[PDB]
Structure formats: C-alpha cells, structure tokens
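Values below: every heavy atom of this structure, side chains too, minus hydrogens, waters and symmetry copies. Order of the sequence lines sets the chain letters (A, B, ...), proteins ahead of strands, with each chain counted from 1.
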Amino acid sequence: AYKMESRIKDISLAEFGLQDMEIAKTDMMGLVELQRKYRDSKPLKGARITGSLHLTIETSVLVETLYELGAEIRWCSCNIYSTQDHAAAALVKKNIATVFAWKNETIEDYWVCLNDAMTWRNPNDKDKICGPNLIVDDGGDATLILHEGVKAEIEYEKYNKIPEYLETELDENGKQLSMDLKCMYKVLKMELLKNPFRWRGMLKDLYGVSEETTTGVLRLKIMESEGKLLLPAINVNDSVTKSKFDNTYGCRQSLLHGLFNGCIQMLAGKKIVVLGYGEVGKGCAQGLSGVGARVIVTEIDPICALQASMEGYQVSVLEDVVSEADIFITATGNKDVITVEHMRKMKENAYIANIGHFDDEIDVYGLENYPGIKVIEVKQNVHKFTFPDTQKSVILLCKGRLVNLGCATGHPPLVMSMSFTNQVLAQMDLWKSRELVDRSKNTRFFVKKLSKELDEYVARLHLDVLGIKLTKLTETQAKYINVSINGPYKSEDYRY
Amino acid sequence: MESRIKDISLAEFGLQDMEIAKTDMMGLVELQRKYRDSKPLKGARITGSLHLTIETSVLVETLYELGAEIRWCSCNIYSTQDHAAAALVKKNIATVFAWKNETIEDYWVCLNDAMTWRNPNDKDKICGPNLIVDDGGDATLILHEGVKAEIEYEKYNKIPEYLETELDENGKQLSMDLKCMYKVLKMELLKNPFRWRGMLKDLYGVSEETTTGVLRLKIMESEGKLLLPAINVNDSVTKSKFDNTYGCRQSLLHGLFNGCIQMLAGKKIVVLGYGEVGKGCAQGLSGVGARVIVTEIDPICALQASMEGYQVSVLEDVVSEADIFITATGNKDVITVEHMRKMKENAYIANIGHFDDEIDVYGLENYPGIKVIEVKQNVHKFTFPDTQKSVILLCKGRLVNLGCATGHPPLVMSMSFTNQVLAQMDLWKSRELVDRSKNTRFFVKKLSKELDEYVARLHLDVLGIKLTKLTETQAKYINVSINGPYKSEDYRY
Amino acid sequence: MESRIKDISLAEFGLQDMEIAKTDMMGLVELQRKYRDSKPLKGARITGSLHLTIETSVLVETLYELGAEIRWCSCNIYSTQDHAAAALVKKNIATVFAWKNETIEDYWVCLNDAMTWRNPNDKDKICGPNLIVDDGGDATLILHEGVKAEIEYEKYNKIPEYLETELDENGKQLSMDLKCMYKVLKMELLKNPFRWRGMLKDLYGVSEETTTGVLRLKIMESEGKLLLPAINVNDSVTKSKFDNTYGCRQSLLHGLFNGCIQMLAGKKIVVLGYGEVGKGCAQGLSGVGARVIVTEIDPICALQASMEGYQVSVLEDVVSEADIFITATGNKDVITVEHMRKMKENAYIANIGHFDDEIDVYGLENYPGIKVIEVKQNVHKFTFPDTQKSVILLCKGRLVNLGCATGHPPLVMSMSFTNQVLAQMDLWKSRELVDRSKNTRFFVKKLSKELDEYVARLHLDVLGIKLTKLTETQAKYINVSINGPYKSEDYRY
Amino acid sequence: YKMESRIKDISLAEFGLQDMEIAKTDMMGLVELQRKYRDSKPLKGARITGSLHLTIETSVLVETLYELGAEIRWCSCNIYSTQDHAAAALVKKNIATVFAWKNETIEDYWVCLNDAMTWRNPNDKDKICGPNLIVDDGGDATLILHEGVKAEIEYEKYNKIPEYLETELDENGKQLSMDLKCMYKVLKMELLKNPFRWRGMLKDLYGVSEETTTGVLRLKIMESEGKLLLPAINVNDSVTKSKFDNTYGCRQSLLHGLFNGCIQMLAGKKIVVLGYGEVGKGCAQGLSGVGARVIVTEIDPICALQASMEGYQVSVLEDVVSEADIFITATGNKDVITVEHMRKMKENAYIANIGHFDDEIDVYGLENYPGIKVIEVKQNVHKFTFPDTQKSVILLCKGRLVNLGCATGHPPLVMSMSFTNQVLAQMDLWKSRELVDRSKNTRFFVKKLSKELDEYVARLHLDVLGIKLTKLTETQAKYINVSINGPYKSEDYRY
Ligand SMILES: NC(=O)c1ccc[n+]([C@@H]2O[C@H](COP(=O)([O-])OP(=O)(O)OC[C@H]3O[C@@H](n4cnc5c(N)ncnc54)[C@H](O)[C@@H]3O)[C@@H](O)[C@H]2O)c1
Ligand SMILES: Nc1ncnc2c1ncn2CC[C@H](O)C(=O)O
Ligand SMILES: [Cl-]
C-alpha cells in the first residue's frame, strides 16, 4: 500500500535513515516528549494530513510524531533539491507515510508530487477521491495549489471551458511565466478535465493549515486581507521559539555548511554582502563573522539597518559594492534583489547564493537565458556562468534555491525540533477545534498564532538538551513583576 | 611506473576546480609565472607524501611548471580527493599512487612506490628521489627505517626479527601502520638490500609541512640520526599562524558539519590542546555558538584560553557532561577507552591532529562485546555492551577536516605551499654543499623572514589589502629597512 | 468478527421504521446534520450494551455518522428488536451480537464479543473499546470483575475458586447471570489473563443510561474501585424527568396490554416504588381507569403519591386483595414467593425496573411441585399445588415494557440518546486528560445544564412548542442570561 | 363441525382454550348464565348464525349459546378481527361450525358469511335451510338476507339476473365498493343454485340481535321504510353495552391499537378525534390519559359542548388538517377524511378509524390516487407517499376498525357485559318465536331489553371488581319511588 503508492528514489536506503532519525532524536526532545505523552491518547486520531515541507531527517521525526499521535500522512518536499532520500526511504519502509519526494526533482515532477500528496482516497467509501483534513505547509505551495485550483474551477464553470490563463506561457502582460507556474497550471488543467469540482469538494473536510516560514505567512496574510483565505491558518513561523531560533541560529550554522560545500574558497577576509538583515540575515552575518569574513549588509528598513551598524557592519546599497564584493547572499524574501545587470558587474568568480525561501531573489532565468552565456557544472548543484562580451564568470550555488538545503542538509535537529514542536501543537489545535469551523454560515477565515504559554512550553522541553538550569520565582518575586510562577513571563508585545 | 588512482574520468572536474582555486592561490600562480621559463628545478626528481587535494595538485602543477619530474602519494588513507588525483595523471603532471579510502597496507605500498624511481641513465636499475615534500614524516620515516633495516640485515645476515614479530619491545601489539610499513621493508630487503642506502647518494633534502613531522625531524637531529638536510616549513610565520589556526577554523567546522548531524550551538565542546590548531578550532566553534572548554598541559597556553573567556579543565572532570570532544594535541593517548565509557549517550569524538594516536581507536574497536554500525561514509557508532551507551567517532580518529571534509581552503594552502616551493628551490640550489664522502651530520633549518614576508605580500591583492610604505625617517626610527624584514627574529606575531 | 443476529432479511423493515422514527428524534437528526462532516468521534471504538430497539438503531447510526467504529449488544435477553439489529448489520453501521429471546449464556457471550476488538495494527491481537455506552452496568461490570479475576488469578497462580463454584459466599445458589458471566471470565483467563487490564490503557470512559447502572457506578466510586471516567446520563433533567416518567407512562401500558388480557379499569393495581418511573406508571394506569395503590420506603415520595389521590400501603396489607402488581423500585426481594402464595386467583405480576431481582422468579420457578404453562410468548401462569391458586407473570420478571412490548417511543428516547451522544463526545474530546501513570482515582459526573437545556431545545419543534424570549430587563431581574441556563443547579423541575 | 369448518389452523386450539379460561375470570355474566341454564337449555333446538368478530371474548359467547342448547354457525364481521386460536378452540371442541380467519380477502369474507347462513335440513340430508336466530354486528348478516330477498323478487319479475348485480357501478356511474361487488357475486351465484333460498329462510327466522350503533342505524332505516323482515333487538343501546363497551372499551383498546400500529409517542401530539359520541368520548379520555392534546370535530352542538366542558378544543377538520399529528375517526358516518384532506397533512401523519366500517376514510381514493407509492410498514400498517409533494401519510389497517385490526379489541369484562345482553336477547327472541305470524302481518320492529335485565347485567359483574352495593331501606325506597329491587331510574335516564 505505502511502497506501491509512494514515489521515492530508493527504498534500500531506509536503514541509514532510521539510524539518523534515532541519533537526531537525542536533541529533538520536544518531539520525543510529544510522542511519549500522546502516542496512546492519539490527539490527531483520524486526521488525514498532507505535508509540503523539505523532507529531511528532521522532517521524518516530525512525520513520525504526527503518525504516533494518530494521523495518516501523505508528504512531499517544498523544494526540488531539499529531500534527503534516506529520510524519505525511512518513512516509506516503516509505513509511517505515503511519500512523493526525491532529491533533484524536475520542476514538472515537483508539482505532480504536491498534487499527489493532496490526493487522498477514502477506504470507508469506495476509495473516492478526497483531500486532506489538515495541511503542514512551508512556503505556501500546498495552500497555493488549493486556492488556485478553486479559482480555476470557478473560472471553468463561468464560461464552461478551460481557462485561457492556464493554456498560455505568458502572464497578464507578455512576460514568460515562471516554470513553477507553468508546471502548476499544467496540473490544474489536468485536474479540471478529470473533475472540475475536485478542489471545492475538498473544502468541506479541510480544517486548517499550519505554515512554517516567513514567505508562506506573507502569502497567508495577503489572502486574509483580500478575504480569500479558504481555511483556518496558524502562523508557526512567528512563534518566538521558531523565528528567534530557527531563522537565526539555524541559518548561522546551515548557511556555513552550504557555503562550505558549494564554495571552495576561504570565507575569511572576504567581503560578503548579506542582502536583508532580518531574522535570517542576522544569523547569517553572525556565522560569516564567526569565520573571519567582513560582512556588508543591505537593507530597506531603517531599524534593521541601524541594528546591523550596531554590530559593526558596513551598511551599503548593492550598487556601491557590487563590483568589489566577493560573495553575495540574499536573505530578503523579496524578488529581483540581484539582477543580471548586477551580475555582469561582479568581479571574476564572484559567488552568488540565496537562502530565502524562493529562488525569485536572484534573476536565475535572466542569467540562464542571457544571449551567448556559457555554463559549466562545477559540482552537483554548482554552476559557473561566463558572459561572452567580458569573458568574466560568476558562480551560482544551486540555481538560486535555498542554499542551506540545496548545497547542504539544512538546520540541525535541535532548532528543527523547536520549530516542529510548534507544528505538532498547531496541528493538534486545528484538529481539536474542527467542529467550530462552519462553512454554511461564516465562510471568512483568519491567521492566528499559538499562545505564549505554548511558546514557553516549547522552550522548556529543550532545556535539558543543553544542561540549562532554570531559576524559579518566589511568590513575592512573581507578584512584584506581576507574573505567575509558571508564566507567561512576558507581555504579548515582548520582542526577546 | 603506471599511476594507481580510483578513476581517470574525474579529471575534468579536477582541472576545473584547480582553475577556480587558483583565483585565490596567487602565491603559487606567481611562482609559476615568474619561474616557468627558467625552470630552476629542472632535472630534479621529487617524491611527495601530502594529502592529495585540489590545493595540492596546484602545488604539484607548480613544481612541474618549474621543471621537476614528480611522483606523489597522500599522507593519510582518507584525505585524497579522487578528481584532484585524476587531473594530475590526465595531464602527465606526475605519477600518482593515491585514492580515497585506502587500506593501511595499500597506503605503505603507495608511498614505497612513490619513492621508487628508474635510473635516467640506465633502465633496469632503480634509484631514489632528489628531493622530498613530506607531511607528517612518513616518507622520511620509511627512508630512515629502511636504512636502519638494511644495516642490521647485513650485520646478522638474516631478516631482522622485529620485522617478523607483531608485538613491540614491551610485548604489546604493534600499530597496523608499523606492521604494514615493516611488511614493505621486509619485501624490499629480499628484492634489493642496498636500495635505501643507494638513495642517500642523490638525496639533497626534505621539506616538512606539519608540526608532528617537524617533531620527528627534531628527535632525529638531536640523536645525530638525520640522513639528509631538512627545511621546517611548518614554522614559517605564513604557515603556522595561518594554515594551522585560520585553516582549521573553517575546515574543522566543515568536517563536523559533514560528520556530526547535531547543532554545535550551546553544546559543551572540549578542545584538547590550545596550540596553533586548538586556537583556531576554538574560535570557529565559538563562532557558531558552542561553549568551548579547553584542556592543556602548558600553563601559558592555558592562560591564553582563559583570556578568550574559555573554561580550562582536565578531561576527567568534564568527560561525563561534555557533548563533543576534539583532540588537537599532536600527542598520544589523550582519549582512552576508559574516558569513552564515561561519556554521555551519543557523544561525538573527533581528532584534528595529524595522527590517529590521540584517540585509542584500536582499544575501542577491540573492546570485548563492542557493537559497531556505519552511520555514514567514515562515521561510526560504537555501543558498549555493559551500559548500552554509544559514542560516535568521526573517520576512525583520522584528521577530521580531511577525513570528513576537504581540508583547508585554497588561500591558506597557497601560503603554506608557497613556502614548500621556496623550500624545495632552496634545497635544490644548495645540492653541491651536501657532502656524503665524510659522515657530516645534517640539520633542520627554517626559511628566512625576508621570504616569509614575501609569501604574505603575494597574497595581499586577493583580499584587497593596502599596505603602507615607511618613510625613510620612519624606517630609521624603528631600525628596519623600508623593504623589511620588519620584525626581529624572535617576534611572535 | 461477523455479526450474530436472528435474520438479516428483516433489514428493510428496520430501515423503514428508523426513517419514520426520525420524524420525532430531532435531537439525533440535528446531531447528524451538524456533525457528520467534522466527525467529533472519528476513529473512536465504541462498545454498546443497550436494548437494541429501532430507537437504539438511530443512536448507533448517529455515533457512526459522527465517526466512530461500533460493536453492539443488548442489555436484556428479551429487548432486542430483530429488524432493528438487521438494519444495522445490512448497512455496515455496526457489528452486532443480539437477538430477541437469548439464553442467559448467549447474553454474556454476546457482551464479551462486543467488548472484543481486533487490533488494527496486529490483526492477530485483541484490544478493547475506547468508550462504552452502557445501560444497567453489565459492560462496566464484566470489565471490573475481569480485572478483579486476573489479579486474583496471578496472586495464587490458578483459576479463582469463586469462578468454579455454583454457590455464593453463604452457600446459596448463584444467579444464572453470575454463573454465565463467570463462565466467560474463566474462559478468558485461560485464553489471555492480561485481556481486561490490557483494555484499561485505551479506555477513556463510559456513559450510563439508567438509575440502576448509576447506583453501581456510585458504589464503585465510593469504594475507590472505579477504573474509568463515567458520565451519569440518567440524571440529566432531559433524561430522568422524561424517559423514566413519560416513557413508562406509555410503554408500561403497551407491555400490560400485550401480556395481560384483562381490563385495567377498576382493578386495584399496586405500584411498588413511586420514583421517576413509578410516577409515570401510576399516571398511565389511572389514565385508563385503574385504582392505583402505591408502596414506598421514602416518606417524601409517599406523600407525593397521596397528593395525587393514591392510597399508600405496605404490600402485606393489600397482597391478598390487589389484582395486578408492578415493581418499579430498582431494589430486590420486593415480591417474594411468600407474597405470591397469598395473591388472589389469576393475579398478574410484572416488573419495570432494570433487573429481574425485584421479583423472586427463581424461588417461584423452583417451588416444589409448581406447575407452569406458557399462556403466550413470554407470559407464564404458575399454579401452586397446595392451594391450587395461580399467578400470571409477565416475561419472567424482566422489564415488561421491553419484554412484552417495544419500549418507550422515539421522542423520549431521542432526548435520552441525544444526552448519550453528547456524553460520548465529551469523553472522547478529553481523552488526553485521562492518565493511569499517576495512578489516579476516577469519578462520575453529569452533563452541564447548558447542554441539558439544549437537548430540550432540539425537540421543541416536534410538538409545535413556541418558546418565549426574555427581554434584557427581565433577564437581569431574574438574574440569568437571555440564552440560559435559566435555573440554579439544585432546581428540581 | 370439523367436516365443514374453514379456519387457519386447528393446532392453535390449545392456546385458544387456555385464553378462554383466563378471560372467564372476568366474564362472570357469561359464566353465570352457563351455570344457571346448562341443564334447562332454554335455546334447545335453535339454529344460530353469528357474524361477530371471532375473538377469545366471542368464543366465550359462542360457548355460552352452545351450553344453553343451541346449534351454532359463525363468521367474523371484519376481515382482520378474527383471532385464529379462538376460532380453532371452537372447532376442536365442536362448539360451532366456523368460517373465519385473520386477514381474509373481501371475496372470502362474503363466502364465509354466506356459508354461516347455510344450514342442512334437520329432517333431510339433501335440502338446505336458514338459521332460526341471528347474532349480528354491523348488520352484514341482516343485509345479505334482505338483499337476497330483494334479488329473488327482481329475478322473478323479469325472469333474468337483475342487471345491478352484473355491473360494477352504482346509479351515479361511480365504482361500487369491493364489499358490494363481492356480496353481489355471492347473491348472483345463489340465484343460479336456488332462487327461493332467501325467501325460504323467512319461515323459520324468529329474529336478530344487533351489537353496534352502525348495525342499529341500518335496522332503524329498514323499520322506518316498512322493509324489516324479522324481529330485532337493539343490544347496542342497553345501558350496560353503550355506556361501557363503546366508551371504556375503546378507552383501552384504541390505545392498544395505536401502540401496536403507530411507533410514535402520543404525549404532546395534536390528535384529532372526529366524532364525540359514546366511542369518541372514551377515545379522547384514553388519549389524554397518556398526555395527548385532543382536538374534537362534531356536527352535534350538544356533543361539541360536552367536549369543550372536558377541556378539549373543538374545530372543523379543515382548520387543523395541516397541523395535527394523528387523526382518529369515530363517527359511524362516511367521507370524513378525504384524499384532499390527506394531501394537506404534515409528513408522516397517522390516520386510523375506530368506527365499524372503513367508509369514514376514503381508502379507495388513496390507494388509487395516480402515482401513489405504498409500502408495508408492518402487518396491516401502510405508508402512502404522494408524487407531487413527496409527503407521506401512514394508514393503520386500511381504515378498518383499529382496535381489532391492529390489536385484539376490548378486554373481557366489558365484552361480557355486551355479550350477556346478546345471550339475553337471543333467549327473548327464541322464547317469543310463536308470536311471529308469516301469513298475517309482515310488520316487524326493533326493541330493546328492559331496564330490569339491563341492571341485572351490571349486578352480574359487580363482584369482578369488589363493588359493594348499598341496599335501600323500605322508607327510602318509598321516598324516591322505586322498588328495593329496582329498576332504580326512569326510562329516559341517561346515566
Ligand atoms: N423499563 C424502563 O424502560 C426503565 C426506564 C427508566 C428506568 N428504569 C429502571 O427503573 C428502576 C427505577 O428507576 P427510577 O428512576 O424510578 O428510580 P427512583 O430512585 O427514582 O425510584 C425508585 C423508588 O423506589 C423506592 N423503593 C426502593 N425500595 C423499595 C421497596 N422495597 N418498597 C417500596 N419502594 C421502594 C424508592 O424510595 C424510590 O423512590 C431502576 O431499576 C431503573 O434503572 C427502567
Ligand atoms: N586542502 C588541503 N590540502 C592539503 N593539505 C591540507 C589541506 N588542508 C589541511 N591540510 C593539511 C596540511 C597542513 O599544512 C598541516 O600542517 O597539517
Ligand atoms: Cl478529537
């Protein structure tokens, strides 16, 4: 059932995956505790969960936790390069989940895999096609294919034909659509022809989505302000134990791993430009400085720019340092941060990489299609592009995809356990409140966050890993600072 | 002879990494530009025993462009980058005996093969190298032990019984490296017992790369047993204060990130030895949030660690609570099987020193009832049967930055190897001064500060460094020449 | 397992009746409409021991639509309606072990089978239910007596003596229900002596339907021996004040009309017990002209009967003159063999309490030389040899409304069963809060007044009830919320 | 006896005899008559044909007539009211020759009645004759006799089978009821066997005693038109019959009929009782007894006010047809509930009749409505669904008297009171037989039993319920102007 239906690279790699999961668990005490505490009561019993999140060894422990808490699971990765095949094999081999993921997927297969993960069959009702009850999303692709599907079906009924926007290679104003959109549209057209009520049919049983990253939250917020969000949502990224640990300390280590694997050069003494000084950019700069690099920051936000200056970093606009810098790292969550025109001005063998969720930060398409460009594969997922006029080259790590997961194996278990403990709590919250979702009356959905009580709980579960000894307030002390001995200890607007 | 590498087809990826790497190896690039026409090393036979990385192939390419004939092998069983080896053979730069994941027996055969040259006058007769590039002293050791073997072979006119026994002087099992070296020596005594002493007539010197190899040279020098001139490359300022410190700062982290799946942040990481290597390791580990705890025998180095805010303890007081252990002492028996049994569940262990001796890997592997599983390529989890607790060892205790990663980056290696080429050029030009006819003793010397500063000058443009020029009056005030040297001989930088 | 019922071909009749019944079971209809998609009981395994009537079939259907997997049996040998059981099996709504006119032996086997679940992981292993819907407490009893048996079994490493004997502690013959339960318990000790205790880990609660079952839960709670959380459904206002009262007002009459051919008008009919059931019985009997005489032990209840114009006497003073006797006490030995021997020729006897213990049927059946004839299905005339006098007993003293008729009608059962579904949802939603690690003590609780009023709201439309709404000023004056609850916790309605 | 009888199953006999003995504990009037007259046998030699629901209670009536010396033939007066174990008991003991079973077709009903009226000549094997006396309930036995006589006169007048017997329509061109077509089918058949059959029975017919209101109505109509062909006794209007059986009997048996046929709770429901006469009064009382909200319909202003005095709403069917839950007809009239009323009722409304005939409800109109879907809910209970509205109504036992169609009728006590009147009426008719002159006058009347006998029936049942009657002193008897032994009330007293 699980092996037949799953689509993975190689099932024989399962044991390596299982051994790694067990080693990782020494530090993932949040997930370990959740399994110990809830594997019998099963708070997610009966829930069909579709996950779209980089299928790493850390993610396998997340999936395992969901499974032990009673859920059935279908999973895919949210990036073509991030899957670790031995982690994927472990899940399939142990019948923990039906998996559709492998390292180095074509963009076409990426969308087929996501759609496959969203496609369920109900054994209690003639194996009728249905959707998930809950979604674990990272970047919003699962949430996007649902909403774009609903949109495609409404447009389909309106004129009783395939929408024209799904059959063209151009967008609203003559520009070539990204390959990801063309590949998603190809799947949406394929599903309209099979059943044009598919996506709307899924809304009946869908009780929520828990989003992992900043870019996904951005997408959720935009839908919410337009009144187009079709299901409840929990913003996992903005938990303190997520955004202030994963985004920061996780990248501090994983960026370096990615650069070490993709870039052969010494980082020490190099001028490295970190574009964006947010939670991710802060961790990146700290890591880079930690190994002797001279970090130059770019920012649009005056507060973040000043914070960078307070840490001793030069803050410049890209145009003033593009011709002189050695390495460029985008961490903005924005688009067109590094253009082809910027690339043409870079010094010989300047390295370029992105750590934001999507490749849009760098004009990778513009570079690959530059007339007369020459490309060489330096190593797996590292390419050198040479311009014909100047004969100068630039080296791009993993086609602009998040470098820590494209050129390395992402953040280590400890911080992923903090992030994933929030995910499990979010999934439990959405499932346990499923009765309160009413579509025949309200229809308007919102984005929320987990309570500070839970947020603090995530931190408590990981203290023993590092031998942290916490102090306990006396009754008189608690009253003095106006808090309960058991927390929460900070006001809702506290920034840590 | 015919090169022995893993796969010749990897050559293009190797040549391509060499060209990228050269963007930063301006020392070697300059030496090639300046000396490729005059070829100051023309006619020289050079045998090298040094981790065959991409950075090393640029060193080999540089020795080749300067006119030397070359034979090479790696000085560790796991440090060879196969594509780098392939690039060298593909362009006939050198005859190579190297591949990643060699057995100890094959390591010694490769080395022996790299030292074997054929007579440029005759054909059927054998000879040795003129110059040696060594890292750790293994090429130098086999030469000396070979001579020592041939001498005692003639005296008692039979195979010396220490080459046939597996136990040492104290009845304890010899290391696999010694047994495999002794196996090779026995074979050469039967094939030709004048081989090692035959090489002495044409040996003009050795240039040693690392602290541990220099230690071996100094011991042979004090006993009056050194058989050729030697240049200590490790102790150039542009080698010891850059490669050992800043190179490890980045390469230890690379090795740990590849071998150890866990987060270093917040972990109590013990760095055993706070010398040039240890200092760099500590700095890197701190750079990614680790809590570094240092062990030392030298009260000066211990105070230095404390001045950078590090706790300084004895291993026995922290072995049960620490998370990761990193040996950087260049000593032996620093981590014992008894230390390992007291470690917490899934504690990580690794060595960055030149030899595996720092950790008792043999005692671990041969512990009664031990259970071992391969976590990934060159990472093993050992589980003790009495406690059911496990420890994870990176690459069987071999230098972790080259066993689980690709070693230091090109910039610092270019500085280290620029010193190697200059040392080779020095030994070669001074060959007439080596007089064998009268048993004169040989010595260990270092490169001049003039050349040491030169190495630094050649790499300033890589990082956009702008040097200030002294005025004539300023130069006089501090009593130096405008062109250097700028510091007295005992300056520590 | 495969269901064990009388006849699957009766399914269509059952399905039609269920559909007609739903016209009045608007509590269950609404729960299905509102929760069939979200499924608040999804994945829960529910075992039910409750008279399998058409009304119960709609309860089961409701639990199923809300997501549970279900196994069901009846809590009386005569109460199952075969067409109701067939409907459930035909539609795959539940696995059923029930049929009308079961032997006492088959009754305990059916209950035991209903409690047995195939483990979804290891198809070759057994497990128990997560939740239990009980009526009278036999499911709860067999579980607790099972645990007791296994503990006593390991304590002396042999089958406990009390399970292998036909006598009770005082040498008196055990009731057939106990002998048959014990038979099953001995059979399970030999198969798997960890069965019952193994079920506890996944047991989150029991919701109890009737007064007698609640008494049993209350005794276990005070002794500290209750093994799972419990919800007392009987004592919801929308249950005890409707089903027990008005349900019996109609179903007692239906039972009597089917079993007793004689006219009720003018007869002296003794109603033993004037509680919630007796009150309804008395009202129905006098509604068709009978002269009701009440017996009571409670002075308050006795006064209430007197206030409704009924004579209140002790059984002895009227046993020789009364025509019909109806027990509604929930007690035992209310009608003894000696009472029966003093009754007039052709006196009728029936019980409406949960268990047959109210009448000494065993003593009657085993009276020496007693003659018995079957008047009709489940109606027997016993003739004493010494007096030649006869008494006519309805369905061997089993609850007459369900033994000689089809029990209460759908409207009140919907009110009772809507309470059952809410209790099950409550127990399932808070399953994570149950813990057996800390070795905790379990309790009996009741549903809130908010939910109790909601049950009533769900049934107002059935009868065209137009409810008045409080103004904001009125609500403040009587100190309540416009949306209720409207009465304090101790309010008696 | 066992030779001719047509019943379902003789093996049910033991259960029937056993129920008879249990029933007799309360049927003290019948037990007393048997004890007083089994030796003198006042009905000795009388041939009695009965058409009255063959229940256990009726078996006791037949046993009583048999003990009193009569030869008996019996059938039921409804296709669903027979209890098979009761019929079997009579056949096994040779008490009577029986033609009756539960769930007869309408064709079989009339054949059974015709067979119960046919007697073999006591002085000849070959020839056939009629009964001496008739015990009738609803008037069907009486009807077939008169219609038979009418059909014989018509047959001889035009020397051919009367054309109203061959067609299946009435004067208006409307389809005849199935009971009329099947009766005519039998009357046509008998003209071809013996066209003097019915007139030949007159010679020996000494009278009929009628049980129910509807049968009496039929008798009163024949009497007023000068067409009654034999003396008749109105049993329905004895005080110990109409004020007990009709009222208290239905109070219990309507409920038993409803509880068996209708799965729903009666409490709180709006239940319409159409007709508030002796039957309706008892019905309303029983329904209220179990919490129903009774709504009464009436054409009689006196009866309507009576219902209002007991707290019942009085409405016209049209004003409540859309909101009521259950409808019970107790009028003895026709077309009280039409198809159009049925089409307006709420989803799953229940409909039933307790009057003697199904005519009160347009059952034929419902069954033949175009596109109607019908399903059997249980034995004798059907759900009918309309195609345009998709709404349904559930009819109990095709509109036949519900207490006997869906249950087993009144209990023994009141039936004993009704049947003690029947036995007394049979004795009176038989004892006065020589006062019937067929040669002289063909002017027959309907009379009732005297108040003395009426009070006697009540006396015979007082001990069943431990009733203690007070005795008048001589001075008290003179003061209220009655005899110490009754009668105690004037003839017009209404009780
Ligand atoms: N047949 C049904 O459908 C049905 C429905 C509901 C409840 N029940 C059962 O009916 C029984 C009574 O239920 P209830 O809710 O009326 O209980 P209750 O406690 O309200 O009433 C029982 C009454 O019996 C009286 N009593 C006890 N022992 C007596 C004795 N020896 N003599 C006289 N009176 C005595 C008590 O004083 C009490 O008032 C229980 O067994 C219950 O489970 C049956
Ligand atoms: N990249 C490297 N190539 C060759 N040798 C390397 C590299 N990184 C570290 N080493 C080890 C040499 C170093 O100078 C030492 O002394 O051990
Ligand atoms: Cl839940």
Side-chain angles (χ1 to χ4, degrees), chain C residues 12-13 16-17 19-24 54-55 83 242 246-247 249-251 253-258 260-268 280 283-289 291 321 323 344-346 373-376 379 381 390 392 405-406 408-414 459 462-465, chain D residues 14-15 18-19 21-23 25-26 56-57 85 244 248-249 251-253 255-260 262-270 285-291 293 323 325 346-350 375-378 381 383 392 394 407-408 410-416 461 464-467:
Chain C
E12 285 299 328
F13 294 111
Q16 288 166 0
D17 280 357
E19 208 63 20
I20 296 172
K22 294 183 188 185
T23 300
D24 285 15
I54 289 292
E55 293 72 26
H83 70 305
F242 291 81
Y246 310 128
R249 180 174 63 181
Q250 174 166 328
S251 68
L253 294 182
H254 193 197
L256 291 180
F257 301 161
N258 288 344
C260 172
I261 199 174
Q262 306 298 13
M263 192 171 196
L264 300 187
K267 296 288 171 60
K268 286 184 289 299
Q283 193 180 16
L285 291 162
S286 55
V288 295
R291 179 150 58 93
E321 290 80 13
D323 299 296
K344 72 202 297 178
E345 177 66 1
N346 292 354
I373 63 181
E374 187 182 27
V375 172
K376 61 178 68 180
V379 181
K381 193 211 292 177
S390 305
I392 302 172
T406 64
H408 308 334
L411 178 55
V412 283
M413 297 315 299
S414 176
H459 298 87
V462 177
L463 305 173
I465 296 171
Chain D
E14 191 56 43
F15 286 93
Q18 205 163 246
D19 278 351
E21 297 302 312
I22 291 176
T25 308
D26 284 11
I56 289 292
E57 293 76 18
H85 70 306
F244 294 80
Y248 306 126
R251 185 177 59 179
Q252 171 163 337
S253 63
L255 299 183
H256 196 194
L258 288 175
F259 302 160
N260 289 348
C262 178
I263 197 173
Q264 308 297 14
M265 191 170 199
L266 306 184
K269 297 300 203 302
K270 288 187 287 299
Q285 196 177 11
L287 297 169
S288 300
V290 296
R293 177 151 59 92
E323 61 173 344
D325 299 296
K346 72 208 301 181
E347 176 67 356
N348 292 332
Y350 278 81
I375 67 178
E376 189 186 37
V377 177
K378 54 156 67 69
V381 181
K383 185 169 76 170
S392 297
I394 305 166
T408 58
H410 307 333
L413 177 58
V414 292
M415 297 318 302
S416 179
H461 296 86
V464 173
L465 302 169
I467 290 167

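Closest approach of D:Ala267 and C:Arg249 over heavy atoms only: CB-NH2, 3.4 Å. Between C:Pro410 and D:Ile263, the closest heavy-atom pair is CD-O, 3.1 Å. When all heavy atoms of C:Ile20 and D:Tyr350 are compared, the closest pair comes out as CG2-OH, 3.4 Å. The two residues C:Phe257 and D:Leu255 make their nearest non-hydrogen contact at CE1-CB, 4.0 Å. Looking at every heavy atom in both residues, D:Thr25 comes nearest to C:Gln262 through CB-NE2, 4.0 Å.
Ring geometry for C:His254 versus D:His256: interplanar angle over 60°, hence perpendicular rather than tilted (30 to 60°).
With respect to chain C, the highest number of heavy-atom pairs below 4.5 Å among D:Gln285, D:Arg293, D:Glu376, D:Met415 belongs to D:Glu376. The residue among D:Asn260, D:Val464, D:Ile467 with the most heavy atom pairs within less than 4.5 Å of chain C is D:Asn260.
Checked against salt bridge (charged side-chain N to carboxylate O under 4.0 Å, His left out), D:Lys270 has no partners two or more places apart in sequence or in another chain.
Once rounded to the nearest 0.5 Å, the distance linking CG of D:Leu266 with OH of C:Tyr246 reads 15.0 Å. Rounded to the nearest 0.5 Å, atoms NZ (D:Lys269) and CG (C:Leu411) are 5.5 Å apart. Taking OG from C:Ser414 and CE from D:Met265, the interatomic distance works out to 11.5 Å, rounded to the nearest 0.5 Å.
For C:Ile392, the part lying near chain D is the side chain, with the backbone staying farther off; criterion is any non-hydrogen pair under 4.5 Å. Using a 4.5 Å cut-off between heavy atoms, C:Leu256 does not touch chain D at all. When heavy atoms are compared at a cutoff of 4.5 Å, C:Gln250 approaches chain D by way of both its backbone and its side chain. Residue D:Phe244: no heavy atom, backbone or side chain, is found under 4.5 Å from chain C. Only the side chain of C:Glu55 comes within less than 4.5 Å of a heavy atom in chain D; its backbone stays farther off. With a threshold of 4.5 angstrom between heavy atoms, D:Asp26 approaches chain C through its backbone and through its side chain.
We find that D:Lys383 and C:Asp17 are not joined by a salt bridge, their nearest charged nitrogen and carboxylate oxygen being 4.0 Å or further apart.
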